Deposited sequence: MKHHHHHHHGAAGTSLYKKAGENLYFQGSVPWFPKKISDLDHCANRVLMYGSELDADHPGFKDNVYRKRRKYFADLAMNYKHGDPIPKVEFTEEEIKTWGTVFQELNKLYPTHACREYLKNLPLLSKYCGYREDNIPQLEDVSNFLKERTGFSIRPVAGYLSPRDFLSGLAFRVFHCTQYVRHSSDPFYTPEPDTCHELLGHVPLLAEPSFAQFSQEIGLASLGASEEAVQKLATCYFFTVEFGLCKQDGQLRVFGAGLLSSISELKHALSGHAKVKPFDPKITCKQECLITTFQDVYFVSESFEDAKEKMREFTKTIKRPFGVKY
């Protein structure tokens, strides 16, 4: 029989709270009590959120805003030569309408309203790590589960855990692009009630596009993966000559191991978002 899956956007209330929350022995904020309390604060906001709520606005601390500023300033030096054209198009809109600035962390609620207007995407705050199945299921309704906390200030370059900087600078600009939003939703739609194997394969295809994808644009390689776009060192590494790259090809790509504590071993290059979408459509037919 088919496993439980959401049939409407509010059904995400029943899975979006199935998470692994902070407390991570080697995490940089682990021995910091103020940080632990702060992470609990963010976790509770997510756990108590229900669909239809405005996303609680947060007053970020001076320390949090500086950490954001440090990350934001370095990445912006790189985007013009590293990010795909779609990302560059949308980022200035975010600055103008959502308050993206070195000295200000954008509110998820504002970003959510921006995306609802542009592509029908919306944000739901998430307390911690969701299963691949639950995470993908949100995409079926154009819902992106977003962490709201900030990485520990001791290491502004700590990326193996997604934080709000990753969400806001890595994912959001692409979710505001129609072709990309369609591509993402179709991964979610394919995952709904699918087999475990199918969910694994879709999650890996997602990983090597939405999180670590490269694309070829006017004969040059650019970056569209969120994980690269929020990671100063890997963003540089990926477009350097030292990285190994292969064509995006779902039946091959879905077998590749997804790495978290290190740079990827390989990056997959999609021709365009429209083409990646077509390739997934052919692929999803084979996994039922």
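- Unmodelled regions of the deposited chain sequence (numbering from residue 1, in sequence order): 1-28, 52-54, 320-326.
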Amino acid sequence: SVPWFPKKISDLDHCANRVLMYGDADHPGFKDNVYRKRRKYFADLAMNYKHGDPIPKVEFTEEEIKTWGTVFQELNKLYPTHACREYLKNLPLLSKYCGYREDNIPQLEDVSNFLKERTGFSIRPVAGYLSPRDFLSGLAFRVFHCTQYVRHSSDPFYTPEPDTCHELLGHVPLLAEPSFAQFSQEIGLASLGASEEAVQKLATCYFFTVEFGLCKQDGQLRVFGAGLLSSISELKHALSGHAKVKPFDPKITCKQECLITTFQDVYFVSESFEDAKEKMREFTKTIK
From here on, numbers count along this sequence of modelled residues.
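What we label the rigid core is the largest C-alpha set whose atoms superpose within 1.5 Å from one form to the other.
- Stretch 157-165 is the one, of 69-77 and 157-165, whose CA positions lie farther from the shown form in 6 other deposited structures of this protein once all structures are superposed by the rigid core.
- Larger root-mean-square CA separation from the shown form, computed after a rigid core fit of the structures in 6 other deposited structures of this protein, is seen for 146-154 when 115-123 is set against 146-154.
- Note: missing coordinates for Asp249 occur in none of the other compared entries bracketing this position, so the one-third threshold is not reached.
- For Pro28, the fraction of other compared entries lacking coordinates, among those that model flanking residues, reaches at least a third.
- Once the C-alpha B-factors are averaged per stretch, 25-33 and 235-243 rank with 25-33 first.
- The deposited model assigns a higher average Cα B-factor to 190-198 than to the other stretch when 167-175 and 190-198 are compared.
- Across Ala83, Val150, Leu108, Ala127, the greatest Cα temperature factor reported in the deposited entry is at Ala127.
- Set against one another, the Cα B-factors of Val269, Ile9, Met280, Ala16 in the record reach their highest point at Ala16.
- Ranked against the other modelled residues of its chain, the C-alpha B-factor of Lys96 as given in the entry falls in the highest third.
- The entry lists a Cα temperature factor for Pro132 that places it in the middle third of the chain's modelled residues.
- Sort the modelled residues of the chain by CA B factor and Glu211 lands in the lowest third.
- Among all modelled residues in this chain, the alpha-carbon of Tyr41 has a temperature factor (C-alpha) in the middle third.
- Per the deposited record, the Cα B-factor of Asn113 falls in the middle third when ranked against the other modelled residues of its chain.
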